[PDB]
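Working notes for the structure below.
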Amino acid sequence: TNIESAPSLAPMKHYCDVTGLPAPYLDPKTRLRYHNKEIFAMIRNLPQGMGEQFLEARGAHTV
Amino acid sequence: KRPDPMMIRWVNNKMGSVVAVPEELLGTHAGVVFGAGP
Amino acid sequence: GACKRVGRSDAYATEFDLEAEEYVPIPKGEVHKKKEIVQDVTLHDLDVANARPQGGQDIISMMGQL
Amino acid sequence: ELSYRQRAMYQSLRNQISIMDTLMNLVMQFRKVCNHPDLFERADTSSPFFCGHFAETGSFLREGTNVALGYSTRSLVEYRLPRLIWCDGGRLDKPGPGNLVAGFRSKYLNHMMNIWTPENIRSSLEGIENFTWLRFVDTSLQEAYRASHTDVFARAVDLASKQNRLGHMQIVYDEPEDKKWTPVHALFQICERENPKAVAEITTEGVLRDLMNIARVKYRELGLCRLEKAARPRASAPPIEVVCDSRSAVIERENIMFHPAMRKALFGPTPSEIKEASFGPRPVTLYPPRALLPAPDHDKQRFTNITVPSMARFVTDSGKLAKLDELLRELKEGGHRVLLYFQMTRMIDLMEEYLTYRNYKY
């Protein structure tokens, strides 16, 4: 019927939006998940619109 | 005014003594002694 | 008839970002294990066990004194 | 003359003179204490030094109107154990992986090879065998097995659910034809079936009842239940805790140190249980039938070392006020209710509190 799957109820693992490594941390400001202080520093210095570009790979962009 | 649903009242005076029972307690196990159980 | 909570399985580790909980990996071995144990006691252990409530049975012992 | 409280303050002020032989402010606060020591540092509800951690409030303004008061009280002596010892089988009695002895030993020593289990007792219940007496001590094999395994607190709660029926038989089974009747299953319960106490409860003039109450009557007659506490502990602390970084350790702290069944026994039934017990079609028993915490020996101090200031101290803490009170209680015959003058404004407010204590009109 072309209607054929449903979301999981298992809780979701957290991965770094930049590097895909496991992420302990969720940035409050930019909503990116990040692995460590090195990537938090880089995340806060992204060019305009690059934060949304990282959310797009997760399918989580603002629209 | 309505009496407390859980409290039975005893009162005594020159005429003697009475006990009065809430109608919320008649039909309970507490009513049985007064002849008014479940 | 003994049982122990080892923890919560770490497949649930991201239910929340913080919870006061001890997440442990799922056991990687067989879920059931059968072991031969030769157990030694002494007649004094039986005396002690029969004379008074012992261990977690006797919680009020924590007060000391009498 | 100064009260002992004033004298102590005045002394601590003249200790400052050791630097100085601010004197204007000193003499002004000398004037304060000579008026009343509550002008200098007002007496307040007080308690022993507390030797413990707690979470204090950082902001009053941001707290708002609704707040949850958690129990933060914690010992500063803070014993740190590795979970290898405190959790993972360094405790011999607790079974688990890496403590294979404990689960076996628990079953075998408390049930299998335990003389008090009903299957074992029943083999020895006869003749000159060791449980032969059990037939007459008014307890079942189930009750014998319970008393051997529960601790003296748990047994004491169970003992709340019992009746002095052998003492009532003494009231009832009384005539020679009653032959001092006793249930044969209670035959050895001799001292319970006969003692003077039960009879003394029932006689119309309580001579033997009063004689048995002398000690507690005398205690209350002396007012020692109502006299102010003359001493208290200077420091107070909560129990020491294990600090172990496991969730099981935290669970265990709650199970033992805040033990639910003991607390429930002490403080008794909850309000819903009293409703369910009262509105049901049939009676129902409650885990404890009542709150089993004792009545406090001191009627005002109860179970705390907190002390509250009183108007009696307030009058006597100023020598002037004590003297003034004595003369006011005769000048009341002359009147002059407000013929009083003060060099300090707050002293007038304190005098309103004193007058209202005396109920003297302005």
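Residue numbers (this note's numbering), protein chains in the order written: chain A, 1 to 63; chain B, 64 to 101; chain C, 102 to 167; chain D, 168 to 529.
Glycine included, each C-beta is placed from N, C-alpha and C at the ideal position.
Proximal chain B residues relative to residue 470 of chain D, where beta-carbon distance stays under 8 angstroms: None at all; the shortest Cβ gap to chain B is about 28 angstroms.
Proximal residues to residue 485 of chain D (C-beta, below 6 angstroms), its chain only, five neighbours per side dropped: If we look at residue 485 of chain D and ignore the five residues flanking it on each side, its Cβ neighbours are 203.
Residues that residue 408 of chain D bridges to, as DSSP identifies them: Secondary-structure assignment with DSSP links residue 408 of chain D through a beta bridge to D/245.
So, does the CB of residue 57 of chain A fall closer than 8 angstroms to a CB anywhere in chain C? Residue 57 of chain A has a beta carbon lying at 8 angstroms or more from every beta carbon in chain C.
Is there a C-beta anywhere in chain C that falls below 8 angstroms from the one on residue 50 of chain A? Put simply, the CB of residue 50 of chain A is far from chain C, with every gap to its CB atoms at 8 angstroms or more.
Count the CB pairs spanning the region 202-222 of chain D and the region 395-404 of chain D that are closer than 8 angstroms, and state whether there are at least three. Inter-segment contact for the region 202-222 of chain D and the region 395-404 of chain D is present: three or more beta-carbon pairs are separated by less than 8 angstroms.
Have a look at D/263, D/209, D/275 and flag the residue whose alpha-carbon is nearest the alpha-carbon of residue 144 of chain C. Looking at the Cα atoms, D/275 is the closest of the given residues.
Is residue 206 of chain D closer than 8 angstroms to residue 513 of chain D when the C-beta atoms are compared? Their beta carbons are under 8 angstroms apart, which means residue 513 of chain D touches residue 206 of chain D by this criterion.
Just the C-alpha distance for residue 337 of chain D and residue 293 of chain D, rounded to the nearest angstrom, thanks. Between residue 337 of chain D and residue 293 of chain D, the alpha-carbon positions lie close to 30 angstroms from each other.
Chain C within 8 angstroms of residue 35 of chain A, Cβ atoms only: It does not: the Cβ of residue 35 of chain A has no partner Cβ on chain C nearer than 8 angstroms.
Buried or exposed: residue 176 of chain D, going by 16 or more other Cβ atoms within 10 Å of its Cβ? Residue 176 of chain D counts as buried, since no fewer than 16 other beta carbons sit within 10 angstroms of its beta carbon.
Residue 61 of chain A at chain C interface by Cβ criterion, 8 angstroms: False, the Cβ-Cβ gap to chain C never drops below 8 angstroms.
Which runs of the alpha helix (DSSP H), 4 residues or longer, sit entirely within the region 35-62 of chain A? Whole alpha helix (DSSP H) segments, 4+ residues: 37-44, 50-57.
Beta-carbon of residue 317 of chain D versus every beta-carbon of chain C: anything under 8 angstroms? Interface residue (Cβ-Cβ distance to chain C less than 8 angstroms): residue 317 of chain D is classified as such.
Taking the alpha-carbon positions, what's the residue 464 of chain D to residue 392 of chain D distance? Cα-Cα distance, rounded: 6 angstroms.
Residue 93 of chain B touches chain D at which residues, Cβ-Cβ below 7 angstroms? Among the residues of chain D, those whose CB is under 7 angstroms from the CB of residue 93 of chain B are 445, following chain order.
Which two residues bound the contiguous alpha helix (DSSP H) that contains residue 366 of chain D? Taken as a continuous stretch (DSSP letters only), the alpha helix (DSSP H) holding residue 366 of chain D covers 363-367.
Selected residue, minimal CA-CA separation from residue 306 of chain D, among D/370, D/316, D/356: Comparing alpha-carbon positions, the option among D/370, D/316, D/356 lying closest to residue 306 of chain D turns out to be D/356.
Since residue 482 of chain D and residue 492 of chain D should fall inside the 8 angstroms C-beta cutoff, what is the C-beta to C-beta distance between them, to a whole number of angstroms? That belief holds up - the Cβ atoms of residue 482 of chain D and residue 492 of chain D are roughly 5 angstroms apart, short of 8 angstroms.
Does any CB atom of chain D fall closer than 8 angstroms to the CB of residue 121 of chain C? Yes, contact with chain D.
Which two residues bound the contiguous beta strand (DSSP E) that contains residue 75 of chain B? Its beta strand (DSSP E) spans residues 72-76.
What are the residues of the region 1-22 of chain A that lie near chain C, defined by any Cβ-Cβ distance shorter than 9 angstroms? Here the close residues are 10, 11, 12, 13, 14.
Neighbouring residues, chain D, relative to residue 69 of chain B (Cβ below 9 angstroms): Among the residues of chain D, those whose CB is under 9 angstroms from the CB of residue 69 of chain B are 441, 442, 445, 446, following chain order.
For the alpha helix (DSSP H) holding residue 107 of chain C, just list the boundary residues, first then last. No alpha helix (DSSP H) holds residue 107 of chain C; DSSP gives it neither H nor E.
For chain B, is any of its Cβ atoms less than 8 angstroms away from the one on residue 450 of chain D? Yes, its Cβ sits closer than 8 angstroms to a Cβ of chain B.
Rounded to the nearest angstrom, how far is the Cβ of residue 434 of chain D from that of residue 460 of chain D, given a contact under 8 angstroms? Taking the Cβ atoms as the reference, residue 434 of chain D lies roughly 7 angstroms from residue 460 of chain D, within the contact range of under 8 angstroms.
Nearest-angstrom Cβ-Cβ length linking residue 138 of chain C and residue 423 of chain D, presumed shorter than 8 angstroms: The beta-carbon distance between residue 138 of chain C and residue 423 of chain D, rounded to whole angstroms, is 29 angstroms. This is too long to meet the 8 angstroms contact definition.
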